[PDB]
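To start, the structure under review is shown below, and the notes come after it.
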Amino acid sequence: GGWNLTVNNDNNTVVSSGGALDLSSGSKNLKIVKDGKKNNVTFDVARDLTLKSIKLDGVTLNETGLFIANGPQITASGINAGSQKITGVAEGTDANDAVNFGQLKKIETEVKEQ
Amino acid sequence: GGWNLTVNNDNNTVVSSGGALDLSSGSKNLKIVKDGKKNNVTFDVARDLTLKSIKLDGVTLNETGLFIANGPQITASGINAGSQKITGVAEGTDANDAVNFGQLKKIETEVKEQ
Amino acid sequence: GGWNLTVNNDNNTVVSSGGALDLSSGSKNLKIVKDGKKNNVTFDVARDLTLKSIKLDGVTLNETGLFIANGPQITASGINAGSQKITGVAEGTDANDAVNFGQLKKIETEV
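What follows is the structure in structure tokens.
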């Protein structure tokens, strides 16, 4: 006595009378806490994770960046707007700011009589 | 010789002498592996997760996209700049590249003579 | 009793005959479920997480936004395109839409 342990319905491993079982974490992403006074074990996910990828339906975040299926991609090579409009853009003020359509139309109306 | 098991201080049950306990993963997001050679069970977070949402204070990543609270968002429908400028934009040269303000100013300038 | 329980090979205690062991989660981010009176326990990551940060090599997601090392960032201050082109922009039609180079060239040609 002697109880049987299974994991994911694998085979019995006996934990015998006077025997032992060790529970361990594979990485810093999973915390397992126990002390020497009580049997109690607490498991948790780290609040700062290190991951290879995350899938959220058509949204993927990975080591290269953010990808949305049939949508934008954001990587170290830059922003791909996904063949979609970019909306909510404040007017550009510096040479290296994006311009919005209101700015383009102002210059169009000027150039036609300037 | 039995022993009593609770999970989150609940669902109290006896694991009797000769009885059995299974520990399983609810999904691919959490890996659990037994090594019966040394009576160890290792637990870890998968490095590739499938999730519904992540909240980091005002930042949300979910199945629709990336959201900054009251600010920019990136979804399949496109990028919303949040009524802020888009900075650090290089000059467009292909049809679907964004235009920066320096390009608009160059065209405004070149039509002085013409 | 009894059998010996360690975590990461440390903190041994004896789960004695007639003793008790509790397995609990430390936060809402980890789900541990016992199947009632059944001796099976399931562990999983919550599908909705609350985190401080995630690092994926040079990509960081945190409470400020999304950052790519040597690349763009997206925060409450706005989007920085990383001193690089923005590609794949559909033509703007409303006042606050971005405009693409084809639109700029169209107006250059018209004059």
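Protein chains in written order, with the entry's author numbering: chain A, 385 to 498; chain C, 385 to 498; chain B, 385 to 495. Here a beta-carbon is modelled for each residue, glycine too, at the ideal position from N, C-alpha and C.
Chain-order list of residues whose beta-carbon lies under 7 Å from that of residue i (same chain, five-residue window excluded)
i, result
"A430 of chain B", "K412, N413, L414 and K415"
"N464 of chain B", "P456 and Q457"
"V391 of chain A", "none"
Cα-Cα separation between residue i and residue j, rounded to whole angstroms
i, j, result
"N423 of chain A", "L407 of chain B", "9 Å"
"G442 of chain C", "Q487 of chain B", "35 Å"
"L389 of chain C", "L450 of chain A", "43 Å"
"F485 of chain C", "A482 of chain A", "6 Å"
"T459 of chain B", "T459 of chain A", "15 Å"
"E475 of chain B", "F427 of chain A", "51 Å"
"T397 of chain B", "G385 of chain C", "16 Å"
"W387 of chain C", "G410 of chain C", "25 Å"
"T471 of chain A", "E492 of chain B", "23 Å"
"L433 of chain A", "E497 of chain C", "59 Å"
"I452 of chain A", "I452 of chain C", "16 Å"
Boundaries (first-last residue) of the alpha helix (DSSP H) holding residue i
i, result
"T493 of chain A", "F485 to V495"
Beta strand (DSSP E) segment containing residue i, residue limits
i, result
"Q457 of chain B", "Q457 to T459"
"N395 of chain C", "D394 to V399"
"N413 of chain C", "Element bounds for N413 of chain C: n/a, residue is neither H nor E."
"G466 of chain C", "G462 to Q468"
"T444 of chain A", "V443 to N446"
"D432 of chain C", "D432 to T434"
"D428 of chain A", "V425 to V429"
"residue 499 of chain C", "As shown, chain C starts at 385 and ends at 498. That puts residue 499 of chain C outside it, with no answer to give."
"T477 of chain C", "Where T477 of chain C is concerned, there is no enclosing beta strand (DSSP E), given that its DSSP letter is neither H nor E."
"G449 of chain A", "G449 to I452"
heavy atom of the ligand NAP below 8 Å from residue i C-beta
i, result
"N393 of chain A", "Ligands in the displayed structure: none, and consequently the ligand NAP is not present."
Spatial neighbours of residue i in its chain, beta-carbon cut-off 8 Å, leaving aside the 5 residues before and after
i, result
"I438 of chain C", "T444, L445 and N446"
"residue 502 of chain A", "Absent from the structure is residue 502 of chain A, since the part of chain A shown begins at 385 and ends at 498."
"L405 of chain A", "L389 and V399"
"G402 of chain B", "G385"
Residues near residue i in its chain [Cβ-Cβ closer than 6 Å; skip 5 each side]
i, result
"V417 of chain C", "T426"
Practice problem: Give, in chain order, every residue of the segment 471-487 of chain A whose Cβ lies closer than 9 Å to some Cβ of chain B. | Solution: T471, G472, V473, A474, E475, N480, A482, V483, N484, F485, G486 and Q487
Quiz prompt | Within 8 Å of chain B by C-beta, residues of the segment 425-444 of chain A in sequence order | solution = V425, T426, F427, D428, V429, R431, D432, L433, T434, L435, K436, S437 and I438
Practice problem: Please list the residues of the segment 444-473 of chain C that have a C-beta atom closer than 8 Å to any C-beta atom in chain A, keeping them in chain order. | Solution: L445, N446, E447, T448, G449, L450, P456, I458, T459, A460, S461, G462, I463, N464, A465, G466, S467, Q468, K469, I470, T471, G472 and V473
Quiz item: Listed from N- to C-terminal order along the chain, which residues in the segment 398-426 of chain C have their beta-carbon within a distance smaller than 7 Å of any beta-carbon of chain B?
Solution: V399, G403, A404, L405, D406, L407, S408, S409, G410, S411, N413, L414 and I416
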